[PDB]
Amino acid sequence: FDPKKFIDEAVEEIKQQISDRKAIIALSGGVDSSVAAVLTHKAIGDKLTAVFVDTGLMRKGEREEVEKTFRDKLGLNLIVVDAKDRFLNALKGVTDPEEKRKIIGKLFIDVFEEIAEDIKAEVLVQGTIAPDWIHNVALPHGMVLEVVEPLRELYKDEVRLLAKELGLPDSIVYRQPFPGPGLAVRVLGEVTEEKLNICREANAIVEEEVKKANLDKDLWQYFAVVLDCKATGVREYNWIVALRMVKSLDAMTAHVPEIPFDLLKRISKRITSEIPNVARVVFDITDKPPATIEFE
Amino acid sequence: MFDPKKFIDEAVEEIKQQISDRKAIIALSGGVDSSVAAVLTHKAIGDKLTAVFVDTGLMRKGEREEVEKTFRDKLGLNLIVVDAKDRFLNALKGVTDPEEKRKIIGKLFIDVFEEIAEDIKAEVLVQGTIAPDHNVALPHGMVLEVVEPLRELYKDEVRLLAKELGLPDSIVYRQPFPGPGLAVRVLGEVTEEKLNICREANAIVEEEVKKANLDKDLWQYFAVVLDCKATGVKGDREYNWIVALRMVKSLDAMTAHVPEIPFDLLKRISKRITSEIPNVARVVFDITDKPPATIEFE
Ligand SMILES: O=c1[nH]c(=O)c2[nH+]cn([C@@H]3O[C@H](COP(=O)(O)O)[C@@H](O)[C@H]3O)c2[nH]1
Ligand SMILES: O=c1[nH]c(=O)c2[nH+]cn([C@@H]3O[C@H](COP(=O)(O)O)[C@@H](O)[C@H]3O)c2[nH]1
């Protein structure tokens with residue numbers, strides 16, 4: 001794979017497919033979407049509008065990171081929607097994982113379609129990677145956009161090589177995949193502000209320590225989950241946090257590798273010392289199969 | 001340097017004299033302390049000792065059968081076994097408070113034991129009280145004279161006394177086990193389904209830890225059924241129970257820590273649990289030292 005070649009080629013292919021129309025892209029902060037947004041911006045400048053929807057379920061500091069990288073550094077038109085209270089209010093009382101997924105997917109695409117209308121987008125750019133067993137698209141309230149997918153034939157490692165070349169920050173280039181529903185499926189039972197806070201801070205500790213250990217390039221994913229069961233501490237009851245770390249090619253199968261004991265111990269103690277209301281930290285030692293990667 | 005052989009002749013002589021012709025009773029927990037006091041006492045007064053094993057259904061897999069073979073068959077003690085499984089399970093229906101679990105189990109055990117105490121007109125309560133590292137009144141009002149042959153020994157001495165008395169290694173070196181048993185290793189309600197998971201999980205843990213020769217280097221190694229659920233793939237996302245593995249070293253009552261366990265052993269225990277015990281979605285390993293955690297999960 002020649003990243004220099006591919007960029008030149010792909011910038012040219014997009015400009016001609018998109019021609020002079022207005023395009024839109026959802027920035028997750030992940031690598032695939034970040035790479036496609038930057039390729040597209042190179043191809044069409046201010047015709048591109050990027051949208052960041054702050055669902056309140058994102059990793060700590062995402063909004064700022066996306067602003068500083070895409071708006072400040074790179075100069076993309078960037079629309080940011082602070083939708084935290086809206087997504088939290090909607091999840092009040094919801095414990096069914098599938099109801100969480102449906103609610104969050106719906107609010108998300110509704111806000112996205114709203115912005116796409118406001119700006120009269122005609123093209124949707126997505127960072128979809130290969131393969132394609134998984135072209136216009138109709139959005140749920142009827143708006144139709146032509147789809148461009150410049151990474152549609154690329155794999156994980158090719159795209160990491162691309163983001164390097166395009167000068168994206170290291171935090172993006174090696175960003176682990178993160179779900180649409182974000183932290184809401186890493187907080188079992190009800191997504192309260194209390195449990196969401198614990199979740200967000202535990203995940204920041206996991207990310208920081210895994211980065212210090214240079215395991216961010218080897219691991220597929222590495223995260224913390226707030227379980228909806230409690231255990232005892234020094235005798236008071238509080239939240240159990242589970243750590244989840246796996247290797248995988250694509251998320252189809254997964255194995256828990258040998259994680260240095262020191263690293264796990266250090267995470268554990270940072271979590272119980274720095275985050276009030278956590279009694280216990282445990283580590284998931286279940287492969288996929290028979291487990292799924294996420295806990296719900 | 002403590003002398004087991006001498007202690008046995010001095011103790012057996014002292015037990016005979018404190019007890020006399022009278023009927024004595026003891027609770028067998030399956031632990032080393034009560035096991036030793038029972039055997040000493042049985043050398044002193046033979047058939048005047050009644051040993052009681054209450055099968056609460058909350059003990060480790062195979063416990064009743066090991067007590068039978070060891071104390072009735074091998075040593076010839078008068079053993080009564082009360083099958084109280086249904087009784088303890090029925091009493092814990094709906095009970096999710098850990099304090100209340102502990103209370104219910106404590107008092108119900110006393111009620112079964114006291115019933116036997118009355119039945120057989122016992123006068124003396126032998127206990128396995130040892131040193132830190134006498135009448136009692138039962139609930140209905142029966143009074144027992146307490147005899148504590150081991151009150152002065154430390155755990156290390158008791159263990160030496162137990163080898164000399166012919167007890168198996170399975171008793172002598174067994175990790176300590178809570179009075180309320182598997183009840184405090186099933187979080188939330190103790191249902192029959194969760195308990196059965198807890199029992200087999202613990203048997204898998206004990207077996208694998210022994211096979212890897214780590215029983216020596218660990219204080220406690222057990223499984224807990226958490227009252228929360230995670231996803232598992234079977235065909236097209238099932239919800240099932242999370243089991244947690246707890247392995248600690250500890251040198252005093254204030255502290256414990258999680259040592260480095262070989263990862264192959266962890267993965268082995270994990271893969272056995274999920275493949276062999278229906279309705280477990282995930283196995284997690286506790287990486288919290290004491291402080292800030294406790295050893296048990298509740
Ligand atoms: O965008 C997403 N929305 C979701 O609802 C969702 N659920 C799981 N995942 C991710 O997919 C992979 C497979 O996850 P599981 O083994 O938990 O099914 C893992 O990499 C998970 O993070 C999701 N991504
Ligand atoms: O006989 C008992 N009845 C109980 O209710 C009980 N709770 C905890 N333990 C045992 O005591 C030690 C310290 O327990 P924690 O660190 O969990 O507080 C550990 O070795 C525990 O196994 C119990 N033993």
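These values consider heavy atoms only, across backbone and side chains, with no hydrogens, waters or symmetry-generated copies. The sequence lines fix the lettering, A, B, ..., with proteins before strands; numbering per chain opens at 1. All ligand and atom numbering here is 1-based and tracks the order in the structure.
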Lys/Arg cation over aromatic [Y]: [X], 6.0 Å, 45° cone:
X      : Y      : answer
A/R244 : A/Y222 : no
B/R159 : B/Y173 : no
A/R59  : A/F178 : no

Between [Y] and [X], is there a salt bridge with N-O shorter than 4.0 Å?
X      : Y      : answer
A/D54  : A/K84  : no
B/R102 : B/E298 : no
A/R186 : A/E294 : yes

Only heavy atoms of [X], strictly under 4.0 Å: list the atoms of ligand 2 that pass.
X      : value
B/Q220 : 19 (C), 20 (O), 22 (O)
A/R235 : 15 (P), 17 (O), 18 (O)
B/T294 : 15 (P), 16 (O), 17 (O), 18 (O)

What atoms of ligand 1 come closer than 4.0 angstrom to any heavy atom of [X]?
X      : answer
A/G180 : 1 (O), 2 (C), 3 (N)
A/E294 : 8 (C), 17 (O), 21 (C), 22 (O)
A/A251 : 12 (C), 13 (C), 19 (C), 20 (O)
A/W220 : 20 (O)

Close N or O approach (A/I293, ligand 1; < 3.5 Å):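 So ligand 1 has an N or O lying under 3.5 Å from an N or O of A/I293.
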Residue-level breakdown please: for A/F178 versus ligand 1, do any non-hydrogen atoms fall below 4.0 Å on the side chain, on the backbone, on both, or on neither?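 The answer is neither; A/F178 stays 4.0 Å or more away.
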So is A/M252 touching ligand 1 or not, going by heavy atoms under 4.0 Å?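 No, A/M252 has no heavy atom closer than 4.0 Å to ligand 1.
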Counting heavy atoms only, which of B/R102, B/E298, B/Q175, B/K290 is nearest atom 14 (O) of ligand 2?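 That would be B/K290.
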Given A/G233, A/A231, B/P180, which one has a non-hydrogen atom that is nearest to atom 4 (C) of ligand 2?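 Selected option, by shortest heavy-atom distance: B/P180.
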Do B/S35 and B/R174 have side-chain atoms, one donor and one acceptor, less than 3.5 Å apart?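 Checked: B/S35/B/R174 side chains show no N/O donor-acceptor pair below 3.5 Å.
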When you compare the side chains of A/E149 and A/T128, does any donor N or O come within less than 3.5 Å of an acceptor on the partner?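 Yes - a donor-acceptor pair under 3.5 Å links their side chains.
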